[PDB]
2 protein chains.
Amino acid sequence: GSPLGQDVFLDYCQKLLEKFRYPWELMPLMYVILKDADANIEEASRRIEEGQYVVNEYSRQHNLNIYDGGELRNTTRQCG
Amino acid sequence: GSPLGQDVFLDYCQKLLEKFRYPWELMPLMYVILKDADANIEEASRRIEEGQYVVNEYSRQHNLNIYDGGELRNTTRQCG
């Protein structure tokens with residue numbers, strides 16, 4: 001009787017949170033994700049990443065990144 | 001992969017972001033959520049909210065953070 005159920009659903013989220021090093025204010029999102037991923041972190045963690053990769057890749061598609069990329073070309077190589 | 005149609009998936013993701021007024025770094029989450037909610041914001045917005053309520057509701061029950069409105073801070077107060 002001491003171990004409840006809902007508290008556990010949050011436990012799993014606590015991991016999906018510390019793993020992605022997210023602040024404590026993003027708990028409602030780790031909650032829905034696990035809610036859709038059958039709460040299987042091994043599955044949900046595979047979604048967020050596939051997500052980070054999307055967002056991070058999406059932008060790099062429009063070349064809208066003034067970071068220190070440095071090496072940036074295609075096909076063979078311009079000349080530098 | 002599958003560009004064009006992918007740009008829109010970000011359009012919905014954006015609303016889910018501005019509506020909850022989330023920073024630009026939480027796009028990978030608004031991405032997974034819509035991915036399972038058929039990307040139907042009207043369907044996902046129901047999860048996140050029900051999510052904010054869970055975390056928010058789950059907290060006021062133990063009075064963890066939810067803003068103290070008092071012992072929050074102090075900095076200084078040497079008036080007299």
# chains A, B, ... in the order shown; residues from 1 in each chain; ligands from 1

$ calpha_fit_rmsd --fixed "chain A" --moving "chain B"
7.8 Å

$ interface_residues --of "chain A" --to "chain B" --cutoff "9 Å" --atoms "only C-alpha atoms" --output "PyMOL selection string"
chain A and resi 6-7+10+26-33+35-37+44+47-56+58

$ atom_distance --atom1 "atom CA of residue A:4" --atom2 "atom CA of residue A:45"
24.1 Å

$ atom_distance --atom1 "atom CA of residue B:23" --atom2 "atom CA of residue A:21"
15.5 Å

$ select_by_dssp --residues "chain A" --states "alpha helix (DSSP H)" --output "ChimeraX atom specification"
/A:6-19,27-36,41-62

$ atom_distance --atom1 "atom CA of residue B:64" --atom2 "atom CA of residue A:16"
19.9 Å
